[PDB]
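Shown next are two forms of a single protein chain, provided one at a time as structure tokens under the names structure 1 and structure 2.
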Structure 1
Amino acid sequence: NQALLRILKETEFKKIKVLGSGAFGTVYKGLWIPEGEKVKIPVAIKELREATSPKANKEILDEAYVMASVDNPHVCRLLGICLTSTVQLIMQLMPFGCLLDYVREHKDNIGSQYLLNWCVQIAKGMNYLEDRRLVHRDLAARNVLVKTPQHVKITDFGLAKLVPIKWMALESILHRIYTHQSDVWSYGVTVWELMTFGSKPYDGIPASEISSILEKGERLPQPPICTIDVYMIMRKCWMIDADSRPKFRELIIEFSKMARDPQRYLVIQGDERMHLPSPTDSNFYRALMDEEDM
């Protein structure tokens, strides 16, 4: 149970470079130095921006014992925690960054086979969080990490204790109701982010007014690379009836169907010039960075 969350000493890790921030904390590239060893292992460290108390920290250690409990290839597991005056969370390092920045930076080189596979993988991790009765509350392309280009993982889960209005389902904005189906709404918006190559949803619409335009029946438009088959699925994620939104287990299957013939469903200029890596190149990544089961 508590055998998955390691409590760390200040003296056995070091923060070396600022990699990004969030809403409750800044993320650093770090180094883990085990006691009595001469190795320095790269980690990812999240320092909480607001300073907590000694009892605030029993609350943290309760979601930190759960966050360290996720055992899923497409969800990032909390590994360790360091209980300072600003609690520091230790996790595995992803040098490729988040999927949001990656798609902006590689948009001219991303084919349909990658994108559809990511959506399969994202929904697999989220279906796991549903299987684990864990509602994420902040699924977005920025909180999806890229282990290798062929393998993504979801991160930043544990923020109810601690607002991305443009990703939240209508009932969250109106009533603060967060369920697995409102994570489906967040998922459909994340798929939009991928399919538009990192565009900002509702760009120029103030967040204070989005709950209104949603109630009038307005949604995000069809991404130019998307066929209607893909967009209808996204549209089904944004239904005002939460129960009518698709389930993650169904989002997995359908996007699996689309990944077996990717060029029918996403029309990208030059899509014939970019394919998945040969089994040679897939094994090369996996032996070097990505040895887990799937």
Structure 2
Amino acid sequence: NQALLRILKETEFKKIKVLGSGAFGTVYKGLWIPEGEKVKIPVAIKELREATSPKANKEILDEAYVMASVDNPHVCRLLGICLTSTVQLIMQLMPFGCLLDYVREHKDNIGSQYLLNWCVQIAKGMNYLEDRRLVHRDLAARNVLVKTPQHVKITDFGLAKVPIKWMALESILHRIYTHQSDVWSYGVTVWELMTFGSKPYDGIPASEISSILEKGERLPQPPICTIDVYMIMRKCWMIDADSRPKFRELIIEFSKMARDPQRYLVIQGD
């Protein structure tokens, strides 16, 4: 369905402010001003580094069509693309930033129902990706964006088509990426939220992660988590990928807990 993806001319968007930058490229805050209309749309613009892959513009556009077909309230949808020497991707601006920064900045004013609702919404978005037979490969708290405080969206997937501390052991050892390896990354993401933005395996070099996982060590239990919540996180980190919970089960379990949030999370002033 080609109509779902707007082909943009360079004059229809302008870069205002830099939001993030790295080896992939740079994400700008900007405005989309379609020529015919009289509107200025807040957007995020990710410009990819030139000459990173041999894929021509024709093959890139076909992959972009898939990203534009993602229709789920908890997964970011590709709004437009600009194909010059560099590939530029346009999506809606998420004004509150990424969820990792949000929980760090508001760690004193976040209650149990907020945290459990985020866990539900992230599981809903990942379950949709699994329904579309799409593997994310880089699920993390930094890759969950906050549209409003109680509406989050998963971002930065399909860009892949090394985050060792978020990867399932089979991804580190065998480069295997499935929906069940996404579940491992979901467990680490939930761990980031329950610790209000702590770094996983803090103080341990990335090159040592596989050995400690093979020795049976895992991320420690967050203090606010009751045993019911931690055991769900621990099951996401089982060696047997098919023994890990499914995203559809995680939706049900975290939805049930969200009905009685103070029973499952113990938070000061909650």
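Basically, rigid core = biggest C-alpha set you can superpose within 1.5 Å across the two forms. Quick note, the numbers are simply positions in structure 1, starting from 1.
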Scan 240, 253, 51, 228 for the one whose CA shifts by 2 Å or more between the two structures after superposing the rigid core, and name it. 51
After fitting the core, residue 23 CA displacement of 2 Å or more between the two structures: yes
What does the CA of residue 37 shift by between the two structures after fitting on the core? Give it in Å to one decimal. 3.5
Residue 81: how big is its Cα shift between the two structures, in Å, with the core superposed? 0.6
